[PDB]
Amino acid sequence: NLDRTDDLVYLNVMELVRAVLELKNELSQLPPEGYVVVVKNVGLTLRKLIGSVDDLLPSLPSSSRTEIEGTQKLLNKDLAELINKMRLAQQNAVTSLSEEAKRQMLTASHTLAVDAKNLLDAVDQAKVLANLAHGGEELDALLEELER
């Protein structure tokens, strides 16, 4: 098992998934005016994550570095897309497309969480195989409560 106490990437991924889960929990009752803050808090935890990953990359071999950068780029694309579904939903607050728009917000935010986990995995592999990891379900639990 992996020791997560000092592990800023793991902790930042957990915070990301928690912000996505807060978006989901607030969405149904939120007025359109309140959509910006909950997507921004997701993006803020992505900024922290990418920050802690960046700090790590120069210690990894070029192989791992490239593939980790692939995962980060995807996360950014995921946020860009959540921002797009957020705007659609705002513009449809007073139409009968509001519910569908919000469903598509949730899909986009869920996709982001899933890929945050996938970044965690590629980081762990890169550490493991570069003798950088430290040995000794919660992440998946958050994803499960979200999957509902």
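Each residue number is its position in the shown sequence, starting from 1.
Undergrad: Can you count the deposited residues that have no coordinates between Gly136 and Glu137 and report it as none, 1 to 3, 4 to 9, or 10 or more?
TA: Per the deposited record, the segment joining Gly136 and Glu137 lacks coordinates for 4 to 9 residues.
Undergrad: Please compare 103-111 with 22-30 and name the stretch with the higher mean C-alpha B-factor in the deposited structure.
TA: Here the higher of the two C-alpha B-factor means belongs to 22-30.
Undergrad: Regarding 37-45 and 62-70, which shows the higher C-alpha temperature factor on average in the entry?
TA: Looking at the record's C-alpha B-factors, the answer is 62-70.
Undergrad: Split into thirds by Cα B-factor across the chain's modelled residues, where does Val94 land: lowest, middle or highest?
TA: Answer is middle: the recorded C-alpha B-factor places it there.
Undergrad: Quick check on the deposited entry: does the C-alpha B-factor of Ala122 sit in the lowest, middle or highest third of its chain?
TA: Answer is highest: the recorded C-alpha B-factor places it there.
Undergrad: Quick one: classify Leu56 as lowest, middle or highest third of the chain based on its Cα B-factor.
TA: Highest third - that is where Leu56 ends up once the chain's C-alpha B-factors are sorted.
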